[PDB]
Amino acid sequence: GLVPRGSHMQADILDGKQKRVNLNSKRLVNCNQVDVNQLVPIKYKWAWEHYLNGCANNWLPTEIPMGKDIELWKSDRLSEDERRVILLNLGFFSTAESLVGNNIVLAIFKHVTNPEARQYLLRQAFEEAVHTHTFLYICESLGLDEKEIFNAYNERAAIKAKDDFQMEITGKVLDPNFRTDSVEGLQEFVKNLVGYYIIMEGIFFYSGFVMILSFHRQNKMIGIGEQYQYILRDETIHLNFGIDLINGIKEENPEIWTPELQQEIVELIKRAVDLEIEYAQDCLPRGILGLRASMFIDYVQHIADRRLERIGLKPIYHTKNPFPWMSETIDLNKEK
């Protein structure tokens, strides 16, 4: 257990040694008593593990062949109703990933005063960029009008409704005056976290996944499908991290978790469910093979219940999952 002479670096600023970080002084928010620039010693092992797991999931949209997708898209084989599902989903996702990425950088990162959690955030934000690249790649491959697709959240009411809601639940976290060192401020911050991790990534995205992966299972648009499988694998970790972060902040700041905040989070999730159901209905006015709006009523309620449970809230809908295969692809894409 012995190293040779000179294996330590020597300080010439003696008072500087006090800036070594006390592990137990570290906190997820409002931590100004220790140096946030030093990674060590790691306190939140869960955050570090999410980071390592994400790093092991590198993929690039350009590694996935689109030849069969292009051939199918350009043919007359797809019904207009099938195309409608694909186009609306691309429309929503093309900008939703940028909304998530921008929120990580511009809202979340400043207030998560912890280096190991920030490491994960940097991986997460980069993954959003990869997802955005996916939608560009799909548009270019299929010869879609890229501006029509990317502007969809400004042109289609059911998509705009979801993203206007997102803006509302973002709160004032972007404001130069926003701070998390009041009870009210930290509560607002937690609502932003619920909005992005639980609602946008955990409910809005998972519903899109069923629509697209339903095509994949029918051997239609399998290039898009494979890309969405990779996206789902990432989003599984994003969600797990977000849940851990919310639960960690609650534990360290129990005064924020009032009946009032609890009830508001429940109402926000209810509003998300209604908006996602309305979106599914816009995607499926008549339904397509293997996909009807009524199935999404049950599915969206089901997953909302699962999200509520994970952050210590009671399930409210009690519906069953009409897509058992999603759980099996969820199983295959489970975090280590």
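All residue numbers refer to positions in the sequence shown, first residue = 1. Think of the rigid core as the biggest set of C-alphas that the two forms share within 1.5 Å after superposition.
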item	value
Which of 247-255 and 169-177 lies farther from this form in 4 other deposited structures of this protein, as RMS of C-alpha positions after a rigid core fit	169-177
Farther-lying stretch by C-alpha RMS in 4 other deposited structures of this protein, rigid core as reference, of 301-309 and 287-295	287-295
Stretch with the greater mean C-alpha B-factor as recorded in the entry, comparing 322-330 against 309-317	322-330
Segment of higher mean CA temperature factor, 171-179 or 150-158	171-179
Member of 80, 116, 164, 201 with the greatest C-alpha B factor (per the PDB record)	80
Highest recorded Cα temperature factor - choice among 217, 238, 111, 233	217
Residue 93 - which third its CA temperature factor falls in, relative to the rest of the chain	lowest
Among modelled residues of the same chain, the CA temperature factor third for residue 72	highest
Third assignment of residue 285 from its chain's C-alpha B-factors	highest
Record-listed C-alpha B factor of residue 247: chain third	lowest
Ranked C-alpha temperature factor of residue 34 among modelled chain residues, by third	highest
